[PDB]
Amino acid sequence: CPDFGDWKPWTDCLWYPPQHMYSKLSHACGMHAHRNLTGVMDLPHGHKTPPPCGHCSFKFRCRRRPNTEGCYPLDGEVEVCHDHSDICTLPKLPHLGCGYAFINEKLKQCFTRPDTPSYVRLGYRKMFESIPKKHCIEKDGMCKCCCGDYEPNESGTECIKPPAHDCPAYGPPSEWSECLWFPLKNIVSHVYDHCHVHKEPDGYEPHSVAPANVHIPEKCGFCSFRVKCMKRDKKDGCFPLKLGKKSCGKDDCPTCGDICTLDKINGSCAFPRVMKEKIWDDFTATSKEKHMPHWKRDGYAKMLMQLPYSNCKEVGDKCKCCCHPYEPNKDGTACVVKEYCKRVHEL
Ligand SMILES: *[C@@H]1O[C@H](CO)[C@@H](O)[C@H](O)[C@H]1NC(C)=O
Ligand SMILES: *[C@@H]1O[C@H](CO)[C@@H](O)[C@H](O)[C@H]1NC(C)=O
Ligand SMILES: [Ca+2]
């Protein structure tokens with residue numbers, strides 16, 4: 001590939017809300033901010049965004065080259081603004097609790113489509129990973145958060161810099177798995193097998209919150225997905241397994257890209273969301289029962305974010321469903337990419 005044209009000017013120290021930070025990042029690369037991220041990962045209704053805090057604010061700069069096959073067009077650099085060092089105080093998120101470290105998976109999954117080119121996926125991954133990583137603890141019904149090399153002290157009153165965790169090196173990534181499908185226990189078993197890991201006796205495992213014998217149709221809705229594993233040895237402060245996902249479509253199995261048709265439950269198509277809420281409520285409660293430190297909670301939660309997340313339209317007597325980053329089209333006949341996930345040229 002050709003080398004980048006290098007650097008446009010550094011931004012000011014950047015901050016939230018997400019739409020505003022995305023706008024400044026996009027302008028920094030010399031591009032219009034065409035996505036509307038409002039409502040995708042905002043704070044719960046009624047909560048003001050606090051001022052720059054936690055070593056979480058940062059400057060950004062960008063460089064550009066032509067978008068060629070195999071040559072991602074953009075390249076970024078991040079410099080943390082450590083002047084804004086007071087600990088962040090944030091509300092608990094519905095179902096996720098102090099989930100600020102892994103909510104970004106919703107946006108990363110925009111580039112997990114079967115038709116996302118590998119070089120595109122890797123280019124956006126580099127961007128996402130450069131954002132300062134959040135480390136949160138819960139104190140008296142609120143979240144106390146610091147980013148990057150800083151973590152909350154035990155009392156959640158200050159951001160401190162622990163000794164470097166010096167995590168062991170990852171081994172080679174696996175290949176993609178085959179397309180995985182429900183029931184959930186089969187998905188879980190396949191992850192253990194594909195990633196060559198164990199159910200730690202103290203560990204967490206999601207259990208089906210589905211009724212006794214609900215009908216599971218053939219793979220559909222871009223809901224079936226492949227996984228790719230990167231694994232490192234255990235070490236305190238270091239979660240050992242990182243998972244990537246890639247949805248399956250019509251070139252992966254013949255029904256995989258067709259909309260899902262399900263029966264209604266209790267006269268509605270809400271049951272997928274209800275089940276998702278239950279799984280997260282149970283995980284969040286388990287993370288506290290088992291006294292999980294933030295790095296371990298976050299590691300499990302990032303994997304749990306990879307489960308299929310459905311949106312359904314009720315059409316006649318049936319539910320027509322697709323999984324993120326897809327949603328049903330207007331008449332419930334096909335699956336389409338959510339607008340804020342579309343590639344820039346598809347917008
Ligand atoms: C952006 O999305 C939010 C929520 O979906 C909506 O309330 C808002 O009006 C949208 N803005 C534009 C300019 O489309
Ligand atoms: C259906 O309704 C019953 C009682 O109203 C409730 O217990 C159940 O969780 C609902 N959904 C399913 C899938 O059973
Ligand atoms: Ca393929």
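As a basis for the values below, the full set of heavy atoms in this structure was taken, side chains included, without hydrogen atoms, waters or symmetry mates. Whatever order the structure lists them in is the order used to number ligands and atoms, beginning at 1. Index from 1, following the sequence.
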Per-atom contacts of ligand 1 with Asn36, taking only distances under 4.0 Å to non-hydrogen atoms: 1 (C), 2 (O), 3 (C), 8 (C), 10 (C), 11 (N), 12 (C), 14 (O)
Heavy atoms of the protein only: does one fall short of 4.0 Å from atom 5 (O) of ligand 2? no
Find out if the SG atoms belonging to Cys145 and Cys56 lie under 2.5 Å from one another. no
Exercise check, heavy-atom protein proximity under 4.0 Å to atom 2 (O) of ligand 1: yes
For atom 14 (O) of ligand 1, is the nearest protein heavy atom under 4.0 Å away? yes
Do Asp263 and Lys318 meet the salt-bridge criterion of a basic N to acidic O distance under 4.0 Å? yes
In this structure, atom 8 (C) of ligand 2 is nearest to the protein heavy atom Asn266 ND2, 3.8 Å
cation_pi(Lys134, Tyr100) dist<6.0 Å, angle<=45: no
Test: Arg226 and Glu175 ion pair at under 4.0 Å: no
Under 4.0 Å from any heavy atom of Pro211, which atoms of ligand 2 are there? 13 (C)
Residues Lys313 and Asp331 bridged, charged N to O under 4.0 Å: no
